[PDB]
Amino acid sequence: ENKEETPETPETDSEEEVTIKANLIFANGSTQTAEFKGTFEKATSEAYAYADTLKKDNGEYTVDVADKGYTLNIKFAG
C-alpha cells in the first residue's frame, strides 16, 4: 500500500506567468495562429515580428486586441 505526499514537484511550469498569442489569418483562405508565453507584453512584440516575417507582400495586417489586450489577431489584407 503506497500513500501520497503532495503532487510530484511540477518540473514544467506553474501555468507560466502569462501566455500571449498571435494569429496569422489570410484572405486567400489560409488562416493560421501562433503563441509565445513567458513575460507579458514582452511577447506582444515577438508576436508583431512573428506576423512581420509573414509579410509576403500581402499588404500587412491589422493587430487585433482581445483578452485584456494580450491576444492579437494579426489579419493580413491582400
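- As recorded in the PDB header, solution NMR is the method behind this entry.

**A few points about the packing of aromatic side chains**
Inference 1: Inspection of the entire model under this criterion finds five aromatic pairs.
Inference 2: For the pair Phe-26 and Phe-76, a centre-to-centre distance of 4.1 Å together with 10° between the ring planes defines the contact as stacked. Pair noted here: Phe-26 is in the loop between strand 1 (18-25) and strand 2 (34-38) and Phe-76 is in strand 4 (residues 71-76), with a separation of 50 residues, a long-range link.
Inference 3: Both rings, one in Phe-36 and one in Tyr-50, keep their centres 5.1 Å apart while their planes meet at 70°; by these two values the pair is edge-to-face. In this pair, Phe-36 sits in strand 2 while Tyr-50 sits in helix 1 (residues 41-52), placing the two residues 14 residues apart along the sequence.
Inference 4: The exposure class assigned to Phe-36 is buried, which follows from its relative accessible area of 7%.
Inference 5: A relative accessible area of 36% means that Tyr-50 is categorised as partly exposed.
Inference 6: An aromatic cluster of at least three residues, connected via ring pairs, comprises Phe-26, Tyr-48, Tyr-61 and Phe-76.

**Quick look at the UniProt feature "binding site: Zn(2+) 3" (unreviewed entry) in the protein**
Inference 1: Cross-referencing UniProt, the feature "binding site: Zn(2+) 3" (unreviewed entry) maps to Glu-35 in the present numbering.
Inference 2: The residue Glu-35 is located in strand 2 in this model.
Inference 3: The contacts of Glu-35, once residues within four sequence positions are left out, are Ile-20, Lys-21 and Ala-22.

**Digging into the nonpolar core**
Inference 1: Membership of the largest hydrophobic core comes to 14 residues, with the highest contact counts inside it found for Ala-22, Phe-36, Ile-74 and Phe-76.
Inference 2: The set of elements that each furnish at least two residues to this core consists of strand 1, strand 2, helix 1 and strand 4.
Inference 3: In this structure, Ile-74 is in contact with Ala-22, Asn-23, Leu-24, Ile-25, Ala-47, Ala-51, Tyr-61 and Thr-62, ignoring residues within four places of it in sequence.

**Description of the pairing of strand 1**
Inference 1: Bridging between strand 1 and strand 2 involves five bridges; their strand directions are antiparallel. For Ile-20, the partnering residue across the bridge sits in strand 2 and is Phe-36.
Inference 2: Bridge analysis of strand 1 against strand 4 gives five bridges, and the strand direction is parallel. Of the residues in strand 4, the one forming a bridge with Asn-23 is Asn-73.

Basis of the calculations
Counting starts from 1 on each chain and follows the sequence as written, independent of the entry's numbering; residues without coordinates are not shown. In computing side-chain properties, one takes all heavy atoms of the structure into account and sets aside hydrogens as well as water. Pairing of aromatic rings covers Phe, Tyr and the six-membered ring of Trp, with a centre-to-centre limit of 6.5 Å; geometry is then stacked below 30 degrees between planes, edge-to-face above 60, and tilted otherwise. The way it works is that DSSP assigns letters per residue, a run of H or I at least four long becomes a helix, a run of E at least two long becomes a strand, and they are numbered from the N terminus. Three labels apply to residues, based on accessible area from a 1.4 Å probe with only protein chains included: buried if under 20% of the type maximum, exposed if over 50%, partly exposed otherwise in between. UniProt positions are given in the numbering used here, feature names are shortened, and annotations may be inferred rather than shown by experiment. Throughout, a residue-residue contact means that at least one pair of heavy atoms, one from each residue, lies within 4.5 Å. Take the buried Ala, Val, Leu, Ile, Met, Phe, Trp, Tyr and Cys residues and link them wherever side-chain atoms come within 4.5 Å; each set so joined is a nonpolar core. Note: two strands are recorded as paired if DSSP finds a minimum of 2 bridges between them.

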